[PDB]
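No value in this document is a laboratory result; all are computed from the given coordinates. Don't worry about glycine lacking a Cβ; one is built from the backbone with ideal geometry, like all the others, and counts go over all protein chains shown.
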Amino acid sequence: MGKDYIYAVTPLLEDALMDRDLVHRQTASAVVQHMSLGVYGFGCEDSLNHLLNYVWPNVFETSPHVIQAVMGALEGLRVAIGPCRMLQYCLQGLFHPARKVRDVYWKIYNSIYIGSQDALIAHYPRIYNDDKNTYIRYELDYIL
Amino acid sequence: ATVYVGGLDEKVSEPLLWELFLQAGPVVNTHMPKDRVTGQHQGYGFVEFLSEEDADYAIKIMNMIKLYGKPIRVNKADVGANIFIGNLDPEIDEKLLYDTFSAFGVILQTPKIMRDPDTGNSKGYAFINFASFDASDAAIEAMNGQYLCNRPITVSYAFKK
Amino acid sequence: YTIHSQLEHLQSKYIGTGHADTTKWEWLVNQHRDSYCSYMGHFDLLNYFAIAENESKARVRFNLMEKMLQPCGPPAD
Amino acid sequence: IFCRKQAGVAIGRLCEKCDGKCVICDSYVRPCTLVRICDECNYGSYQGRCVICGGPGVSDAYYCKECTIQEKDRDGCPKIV
Amino acid sequence: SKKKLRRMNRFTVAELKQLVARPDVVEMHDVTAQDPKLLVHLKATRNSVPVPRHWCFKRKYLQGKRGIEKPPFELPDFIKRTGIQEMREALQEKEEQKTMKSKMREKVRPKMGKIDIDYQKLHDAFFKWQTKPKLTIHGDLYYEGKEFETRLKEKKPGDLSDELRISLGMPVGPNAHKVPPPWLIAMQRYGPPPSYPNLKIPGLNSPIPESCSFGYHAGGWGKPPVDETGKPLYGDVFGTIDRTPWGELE
Amino acid sequence: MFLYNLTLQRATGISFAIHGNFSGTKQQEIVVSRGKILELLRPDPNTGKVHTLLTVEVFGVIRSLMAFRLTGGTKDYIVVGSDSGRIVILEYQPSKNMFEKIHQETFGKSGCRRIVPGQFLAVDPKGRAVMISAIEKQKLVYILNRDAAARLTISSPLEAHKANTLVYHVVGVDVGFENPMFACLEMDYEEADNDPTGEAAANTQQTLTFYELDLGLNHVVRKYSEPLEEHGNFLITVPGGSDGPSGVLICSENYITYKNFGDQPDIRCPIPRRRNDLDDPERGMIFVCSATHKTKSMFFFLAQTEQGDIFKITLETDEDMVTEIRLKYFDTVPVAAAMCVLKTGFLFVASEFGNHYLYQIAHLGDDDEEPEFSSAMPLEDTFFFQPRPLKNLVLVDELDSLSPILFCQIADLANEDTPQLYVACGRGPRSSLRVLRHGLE
Amino acid sequence: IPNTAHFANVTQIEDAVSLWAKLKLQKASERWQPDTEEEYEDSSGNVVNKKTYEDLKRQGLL
Amino acid sequence: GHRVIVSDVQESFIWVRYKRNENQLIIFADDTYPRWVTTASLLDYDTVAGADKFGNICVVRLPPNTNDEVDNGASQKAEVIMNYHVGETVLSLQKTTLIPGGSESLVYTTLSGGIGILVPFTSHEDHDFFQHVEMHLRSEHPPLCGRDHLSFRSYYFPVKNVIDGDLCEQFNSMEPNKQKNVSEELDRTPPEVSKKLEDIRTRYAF
RNA sequence: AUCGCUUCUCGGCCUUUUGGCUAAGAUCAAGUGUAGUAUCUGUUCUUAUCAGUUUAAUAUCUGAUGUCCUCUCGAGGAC
Ligand SMILES: [Zn+2]
Ligand SMILES: [Zn+2]
Ligand SMILES: [Zn+2]
C-alpha cells in the first residue's frame, strides 16, 4: 500500500538526494530501497526512474554506510524497475579508462548479474564482430 | 551574427534575452560575459543570431526596447547627441524611423515627433537621439534638404527644451 | 580482503562475472554461452529456430551444444 | 564472516536476545520464509544455536520479505563462525 | 616497460574519430582505455547514460555544495492547501516562548486536544488532489549544478515571453497571438531572417492569429506581405486520425 | 489502461511425457507437459480413446519430467524439475482429481540459468535416489526412504560440483541393489578456451562417465570415465539388475553403441539408412527419441530418426555380457517429442508440430521379410532398407493441436454473423490453414 | 570548419581537415537528396532521376 | 491513416511521419527499451501493442502531447503502459470483438497452440476486486512448480497493469476451506466471487 | 547680522539601567564499550631538462645534471 504515497514522497527524497549531508543521502537511499520493494508490480516505475537519476551519482562514494545503502537501493530498484534500465545505467563504465570507476561498475554489474542473469539475455547490446572473431548473434535475428 | 547588446540592462536576465532572441529569430547565443568580480550585466553583450539578416532585423527591432525600462540597442559588436529633424514626413512609422535614422549610428531615443495633441496628426517636426554628435552631423548632412518621404528633410543638431 | 577471498570465490562461484580488467573477449563469450543455455532451456525459442531453419529439435540442440564450445571466435592474444 | 557452505533442509534457530531480527537485513518485520543451514554448521554442539548470538536455539530465524524479494536467501548457511 | 608498447598502441584521437562510425562520442581520455573500439560503440549505443562529470575532479562532487546558503524544502501544494503548516507554526511559537517550569507543568497536566484538523481534508488531499510532480526521464543524472540549467533554447520562433512582450513593446497573455511583435513588422517589410527561412511569422507570413485585426495603426496586422501579383511573401500571410484509446474506463 | 488476461484454448503442443500407474492401479496413466501446464490423460483400452483427466497450471517452465515408483509401493510419483531453484514431488488424488505436493526442496535461484540445476534430472531405476543437474558445474542427488508410515521422506542433498564441464545428458544406470550410479555425458570447454589457435576446439572428446553413490559413506565418488569416440546426443538405459545386462546405448551420430564398465569389450553398430533417398550428401543422422518396452518376457528399445523412421532394438546376449546388436526396421511415424510405449499394446507418439498420435502395436517387429541388421555383420558400405506404409502399427487415436500457430486472422468470412478465426499453422509438409469457429459441428 | 564538438581535442589542422572530410562525406551520405534518389520514368518505359526528368521535360520533350 | 509505426527487429517500435508536400519520411518518437518484436498492433492513434520473441506482450503509448509535425538516439520518446509475460512466443495480436456486441478485446495467439484475450476494465470496482482476489490468491495458493507468480509474470520486465485471469479462474478449483478464507477477506460470498469471475468472461468471450 | 547671556522649545540617539530589606536570603549542579567518520587545531614543503615506471590526464616514483675543459647551481669559450 505504498502505491498511494509514492507520489507524495518523491519530491522530498529528491530534495534530500540533492546534497544535504552524507547521512542525508544514506537515508534517502534506504527509503528508495524499501519503496521499490513495496511497489514491485504496481506500475509506479516512472517515479523510481526519476529517483534513479538522483541516486546513481552517489555511486562513486567511499564511506562504508553511504555506499552500502546506495548498493541496497540499487538491488531493490533492480527488481522494481527491471534489469534493462539498470544494465543501461551500467553499460558505459564497464570499460572505462580509470580503475575506480571500472571497479564500481563491475561490482554493480556483478550483483545485477547474479540475480536475474537470465533476463539479460534479451537486454545485451549489439557488439559488432571484427576480423578473427564472431560477436554478433545471428540466432536472434533469424526472421520468421 | 554577433550583436552588441548595448545599454545592457543589469537585472534583465540572459534567459529572457535568449527568449526574445528566439521570438525574433535564430536564438543561437545570448551572452553578456560580465566582470570577473560583479556578476551583473556589463553594458555590452554578444548576441549571436546564426543568420546575418536575422540578427540585422532583430537588431532594428530590439533597439529602443525598454530594457530595464530603458531603451537598449542591438548593434554591431547625454551630452546633446540629439538632432532636430523638421519639414518632417508625417507618413512614417517608428521602426521605419529607427531604420531610416539609424544608418549613421545607434538611436538612444527613437524619433520623438513633435505632433499636435488635438488630433494625432503632426505639423512636421521631430527630434532624435542618435549615437554621436558626428553621427547627427553626417546623417543631417546627407539629409540636409534631401529627399524625405513627402516633405523634404531638414535636419541638424537639436535644440534643448 | 577476506571479502576478496570470498569475492574471487564469488568469481569462482558464478561463471560470467567480471572484474575491472575483464576483456571484451571474456565478456562477450560468457554472454554468448548464457544465450545458448537459455535457448535450450526455454521450450519455445527452440521451436522458433527449429522452424526458422528447417531442422528438428534434436538437430537444433545438437548444433547449439556443439557451438557452446568456441562460439565467439578463437581466443584473444 | 560467513559459512556459506551450501544450503540444506535443517532449520536454524534464535536465542532470545537475538529474537526477532532477520539474519542479514537486520529487520524486525514481515518475515516470510524459514532459514536453512548446512550440515557442517549443523552438527554437534552447534545443533540448535543462535546463528547470531550463539545462544540456545529457541525461536526460528526467518527471512525479511525484502530478502526474499531479492533472493538473498538462496545462498545457504550464513553462519558467522 | 611492458606498457611502453601498448602505449604505442595507444592511438591518436584522430585515429579514433576517423575509424569510428559515430564520432560525436570520442573524448579525451578515451584512448588510454584497454578497448576503445568497444568503449566507443557502447557510448554510441542508444538510450545509454554516460558516466557523471566528476570522476576527474580533484574538487569534491558535493563538498562543492559546501559554500552556499540554502532555503528550506517547499511542500507540495495539495499539502499546503490542507493547512497543516499554520497549525505547526502556531504550535512552534507557543512552545518556544514557554518556560521550563511551565513545560513540565504541561507534561503533568496536558493540554489534551489543543487543536484539530479534520479528516476528508487530508484524505481528499492525498486521494483526490494528488498530482504528478515534474519528473526527468531516463538518463539525465543530477550533477552539482544540474538543476541550475533552466528551460530555454526555445528555437521554434513563436516562442515569446511576457516580460519579453513588455520590455519589447508587445502584449502579454491572450494577446500574445493577436500581437505581432515589432520584429514581424520588418519581417513583413523586408523578410524574416534568412537562417529562419523555415520560420513563418504570425500575421506577417502566417495567417491571422485568432481574431486578429487588419489595419495600419498601432494594434493591427497591416499589409500581409505579398507580391505585386498577389502571392504573399511566403506561406499565407492572410490565410486561405481518430486518436481514441481502445481500452479506457467509463 | 487496465487489463485482464484470459486463455480460451490451453496450449496443446506436447513437450514431455511419462507413463506410469499414476492412480495406483494397473490401468496406466500418462502425464504430459504443455508449456507451463501439467496435463494428465488416461487412455481407455476399450475404444482406444484417451480421456484428458486433469489439466493444471504450474506458472513456471517444465524443463524436466520424470516419474518414479518407490521400491514396492503401488503408486507412481512424479519428480518435476522446473525453472525455479526447486525440485518438486507430485502425486495424483483421483478422489479430489488433483495433483498433490509431497515434498519441496530449494537449492538455488530462479529462472532458466546456466549453472543452477534443473535442466537434466534422472532417477535410479529402482526408486532409491534422484539426481538433479545443470548444463555446467552442478549436480545434486536426493535419497528417498519410506518413513515408518511409508509416507515418503527426502534428506539433504549430495554434491558433484565439477567446473568447466558441459553435460549432454544424465541417466541412471540399472544396478541390482548396489550403490546406484549415473551415466552422464560430458565435455570440457576448458582448454579450447586456453588455446589461441582453435586447435583444442577440435580434438576434444565426450567422456561417457559414471558417478557412483556410496549410501553407507553417504557421498558421490567418481568411478568410471571413458573417452568416447565422437559426441552423441544421449544414452538409453539398458534394463539391468536381474533382467538384462547393465549399460548404456550411446546414440551418437550415425552410430549406436552398447557400453558398460568392467570386462565388456565395447560394442558398436552403424545405423541402417533408407535406400535411394533424396538427402544431402552431408546430412548425418541422429537418434531423436526413444522408448523401451520391458516386460515379463524380455525387453526392447524403439528409437526414432530424423525422417521419422522408428527402429526396434534388442540385445543378443550370453551369460553376463551381451554379444551383439540387432536393429530392425519397425515403421515410420511423425517426428516425435517422445514415445510412451504402453502395455495393453499401444504407444503414444507425441508429435512435435501438429496432431499427436496413439498407435497400437500389431506385430512385435520380428520374423517377416524385412531384413535383419546387426552389430556383428561386418562390411566394407552400409546397410539400407526400403520403407513402406504402416505395417506393425495401427493408428488408433489422433489428438488435435495447433502447435505451432504461425499466423492468425480474425474475420467473419462465412455468411454467418459471428466471426471465425483463420489459423495458419503447422510445419512444412504437415502444415495447413485451418478454420476455427465458435460452434460445435 | 565549424566549431562543433566533433573535432574538440583535435588540435592539428591536417587531422582536423581529414576528420571533417569523412564527416562531410557521411553528412552528404545520410542526407536524402531527391535529385539523385527521387527518380522518374519517362513515358517511354525507361527511367531517369528527378533532375534529368525535369531537365528534358522543360527543355521541350517531357 | 497517415502515421507509420515501423518495428525493427531489435530496438523497438519507431514512429515515423510522412510529410507529403515536402515528401519526407522523418522520425519523431521511438521507445526507450530493446524489444525483439515479432508483431505489433495499433490500438488507437497513439498506442501500439507489441509482442516479443521471449514471451512478453507490452503496450506502449505516445505521451498525449506529441509535436507530430517537426523536422540518446532520438528526439522525444514513448512510454510503456503495460507489461505482461505471457509465457510463450506470441506471434499475432489483433484488436477485435468476438461475440456480438461484446466489448473490444486483444486476441493473442502464441506458438504452442495457445489462444487468448486481454480485456480492459471499466470500473475501479472491477479492477480493485480482481486485484485483491489475486493478491490474496498468490499468497495462499501458490503455483505447484516451486515458482512465485509475481516473478514468473515479471520474468523480463516487471508487471504493470495486467491481472492474471488464469490465476483468478483457479478459485473454482480451489478447496472449500480456502474458498471461504479468501472470499471472507473479500467479505463476499464464494457465490459473489465465482459469479463475478465467470461473468467477466461472459461479457467478453466464451 | 554679530557677539555675550537668559529662558524655553525642539531634534538626535546617547546615555541610564531599575523591586527596598536579610543569614552575598538559602541551597546545588553524579554517564559508558567498541571502533570509526567528519570538523576544528597544531605542523611541513622552489629543480634545470630528459628516460622510464605510472596514470583518463596530471602527478608520483626512479635515476645525471648537448657535451668537454675549467673557475668560482652559477661562468668564458673549442664546439
Ligand atoms: Zn538478512
Ligand atoms: Zn557451515
Ligand atoms: Zn541470539
## Note on the structure
With -39,500 (n - 2.57) per DSSP H segment of 4 or more residues and division by the full residue count of chain C, the 222 nm estimate, nearest 500 deg cm²/dmol, is -19000 deg cm²/dmol
### Message
Can you tell me, using C-alpha contacts under 8 Å and at least 6 residues apart, the relative contact order of the range C:11-75 as a whole percent?
### Response
31
### Query
Hey, any idea what Rg/Rh is for chain G, computing Rh the Kirkwood way over Cα pairs?
1.32
### Query
So if we plug the beta-carbon distance of H:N172 and D:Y28 into 1/(1 + (r/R0)^6) with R0 = 45 Å, what FRET efficiency do we get, rounded to 0.05?
0.70
### Karplus (6.51, -1.76, 1.60) ³J(HN,Hα), θ = phi - 60°, over the range B:95-111, in Hz, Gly and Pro reported as x
6, 4, 5, 4, 7, 7, 9, 9, 6, 9, x, 6, 10, 7, 8, 3, x
### Query
Under a 5 Å amide H to amide H cut-off, with H placed in plane at 1.01 Å, what residues pair with F:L65 once short-range neighbours are removed?
F:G81
### Summary
At the level of C-alpha centres, the distance separating the range F:320-354 and the range F:207-235, in angstrom, is 26
### Point-to-point label distance, E:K231-F:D279, nm (Cα→Cβ direction, 7 Å offset)
7.4
### Taking A:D130, H:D30, H:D68 and counting other C-beta atoms within 10 Å, the order from fewest to most
A:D130, H:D68, H:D30
### Order of A:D46, F:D214, B:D54 under a 10 Å beta carbon neighbour criterion, fewest first
F:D214, A:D46, B:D54
## Note on the structure
From fewest to most C-beta neighbours within 10 Å, the residues F:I154, B:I72 line up as F:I154, B:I72
### Task
Report ³J(HN,Hα) in whole Hz for each residue of the range F:430-440, in order, from the Karplus equation J = 6.51 cos²θ - 1.76 cosθ + 1.60 where θ = phi - 60°; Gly and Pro get x.
8, 6, 5, 10, 10, 9, 10, 8, 7, x, 10
### Rounded to the nearest 20 debye, dipole of chain H from Cβ charges on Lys, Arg, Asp, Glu
380
### Query
Size of chain B along its principal axes in angstrom, Cα-based, largest extent first?
48, 33, 30
## Note on the structure
Note: probe point = Cα of A:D15 + 7 Å toward Cβ; backbone nitrogen < 17 Å; residues of the range E:61-86 passing the test are E:70-86
### 3J(HN,Hα) from dihedral phi, the range F:28-38, Karplus parametrisation 6.51/-1.76/1.60, rounded to Hz, x for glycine, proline
8, 10, 10, 10, 10, 10, 6, x, 10, 9, 10
## Note on the structure
Between the modelled labels at H:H124 and G:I13 (7 Å from Cα along Cα→Cβ) the distance in nm is 7.0
### Structure-based [θ]222 nm, chain F - -39500 (n - 2.57) summed over DSSP H runs of at least 4, per residue, nearest 500
0 deg cm²/dmol
### Task
Determine, from the Cβ-Cβ distance of E:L19 and B:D118 and an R0 of 56 Å, the FRET efficiency 1/(1 + (r/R0)^6), rounded to the nearest 0.05.
0.10
### Under-5 Å amide H pairs with H:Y108, H placed in peptide plane, nonlocal only
H:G116, H:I117, H:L118
### Query
What value, in deg cm²/dmol to 500, does the helix sum -39500 (n - 2.57) over DSSP H runs of n ≥ 4 give at 222 nm once divided by the residues of chain H?
-7000 deg cm²/dmol
### Message
Largest first, please: the extent of the C-alpha atoms of the range E:114-250 along each principal axis, to the nearest Å.
### Response
78, 46, 41
### Task
Calculate the all-directions average of the projected area of the protein assembly as shown's alpha-carbon convex hull, and give it in nm².
76.5
### Task
Quick one: give the max-minus-min coordinate of the C-alpha atoms of chain H along each principal axis, largest first, in Å.
69, 39, 32
### Task
Quick one: divide the alpha-carbon radius of gyration of the range E:61-144 by 2.2 N^0.38 Å and tell me what you get.
1.67
### Query
Looking at A:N133, A:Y105, A:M35, which one has the Cα that reaches farthest to the positive end of the dipole of chain A (charges on Cβ: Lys, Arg +1; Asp, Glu -1)?
A:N133
### Query
In debye, nearest 20: dipole of the range C:11-75 around its Cα centre with unit charges on the Cβ of K, R (+) and D, E (-)?
120
## Note on the structure
For the A:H65, H:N181 Cβ pair and Förster radius 45 Å, calculated FRET efficiency rounded to 0.05 is 0.55
### Message
Among E:39-49, H:137-147, how do they line up by average Cβ neighbours within 10 Å per residue, starting with the highest?
### Response
E:39-49, H:137-147
### Query
What residues have an amide H closer than 5 Å to that of E:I201, excluding those fewer than 5 places away on the same chain, when H is modeled at 1.01 Å from N in the peptide plane?
E:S206
### Query
Per-residue mean of other chain beta-carbon atoms within 10 angstrom of the beta-carbon, peptide A:38-48?
5
### Query
Using 7 Å Cα-to-Cβ label points, what is the E:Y216/H:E69 separation (nm, one decimal)?
3.3
### Message
Is there a quick way to get the dipole size of the protein assembly as shown? I mean about its Cα centre, with the Cβ of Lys and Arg at +1 and of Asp and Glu at -1; what is the value in debye to the nearest 20?
### Response
4660
